[PDB]
Amino acid sequence: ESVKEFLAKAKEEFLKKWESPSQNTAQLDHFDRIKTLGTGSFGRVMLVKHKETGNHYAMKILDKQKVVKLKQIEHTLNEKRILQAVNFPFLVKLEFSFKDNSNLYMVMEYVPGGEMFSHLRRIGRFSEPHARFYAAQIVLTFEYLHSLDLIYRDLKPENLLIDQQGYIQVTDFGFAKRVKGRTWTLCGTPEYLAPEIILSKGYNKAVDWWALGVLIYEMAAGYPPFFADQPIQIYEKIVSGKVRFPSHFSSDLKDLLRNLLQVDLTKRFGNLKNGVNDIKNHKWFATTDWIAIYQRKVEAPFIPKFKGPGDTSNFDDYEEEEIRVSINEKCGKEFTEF
Ligand SMILES: NC(=O)c1ccc(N2CCOCC2)nc1
């Protein structure tokens, strides 16, 4: 009942913000630009500093004309409406949002420890206890999101930032969506796509649990289970129902992964009658104190090295491009609700 009441309150609080979203809570000239942390086909993430408070933030900047072109309108509206409504220890917090003639802006807490991806590639692979510490946080985060009828749809090491305490903060809600029942959009990253996405089925939260299997495998092995030069070759392996495990994997890990990387979504852990408890009660998680993880009372496997809230050392170097704002409003109608 403790968990039931926790999730009932979480849903109440989410729905209140979901039905009355915040809007237009800062503006661009409230900030100084520091550094580009990442660049994409329709947006960027910038380290910025608030000129009055001195606080640092990560500012996600989306070009409205490119969002339209790349058919991401609904997705960008999803991202912001969800982020301003959620509240969980392992989700990056949205602090402000606004738009101008050219761009959409989401101003997030800055997490200076960098992407899990960097640390994993630097060390090679994580020990099972280390992988399990991160995986437990994703299990609880999906328990939370799925109870809100949210599917995340972009789990991968690049989207998990490591904070000052060594805990995870999930970033990038660009493909997150509120879904009752099924949804159909092809999105995600190839290595992490569930078979039912590849096969163009109506799919549900089970795709997040598949992706968790991929993530745990990659954390523990150093590479993802389905790998190839071309996406179509990756997709053939995903749909095949065949995975090879390193001999150093524990039997418990292999058993969990066979049940998360279950190609038949009606048999996949997280999508059965017992829901998330099939995962939480699995032998691979026998040492996990779920409440202690939630309360951030567990000592982390490692603390990222960084010098302060403005340190960018754990992010990499990108060409510094203008944040241009047109004299004329672009795509006003499309983004009215943002
Ligand atoms: N909330 C943050 O501190 C943050 C920092 C960097 C970042 N990314 C986007 C993808 O490219 C690499 C940099 N996203 C979010």
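Position 1 is the first residue of the sequence; numbering continues from there. One-based numbering, in listed order, for ligands and for the atoms of each.
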Practice item. Flag this pair as yes if the NZ/CZ of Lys280 is under 6.0 angstrom from the six-membered ring centre of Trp290 and inside a 45 degree cone about the axis; otherwise no. Key: yes

Review point. Can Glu115 be said to touch ligand 1, with heavy atoms closer than 4.0 Å?
Key: yes

Point to revise | Heteroatom distance test (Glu109, ligand 1): nitrogen or oxygen, under 3.5 angstrom | key: yes

Check your understanding: Which of the atoms in ligand 1, numbered in the order shown and given with their element, are less than 4.0 Å from a heavy-atom of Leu161?
Key -> 1 (N), 2 (C), 3 (O), 4 (C), 15 (C)

**Study point:** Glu158 to ligand 1, any heavy atom closer than 4.0 Å
**Key:** no

Point to revise | Within one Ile-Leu-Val-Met-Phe-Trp-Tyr cluster: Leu94 and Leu145, side-chain cutoff 4.5 Å | key: yes

Exercise for review: Say whether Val45, considering both its backbone and side-chain N or O atoms, lies within less than 3.5 Å of an N or O atom on ligand 1.
Suggested key: no

Point to revise | Salt-bridge criterion met for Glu321 and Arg44 (N-O under 4.0 Å) | key: no

Check your understanding: Is NZ or CZ of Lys80 both nearer than 6.0 Å to the six-membered ring centre of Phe338 and within 45° of the ring axis?
Key -> yes

Check your understanding: Quick one: do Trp18 and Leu77 end up in the same hydrophobic cluster if we chain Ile, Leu, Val, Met, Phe, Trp and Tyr together by side-chain heavy atoms under 4.5 Å apart?
Key -> yes

Check your understanding: Which atoms of ligand 1 sit under 4.0 Å from any heavy atom of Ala58?
Key -> 1 (N), 2 (C), 3 (O), 4 (C)

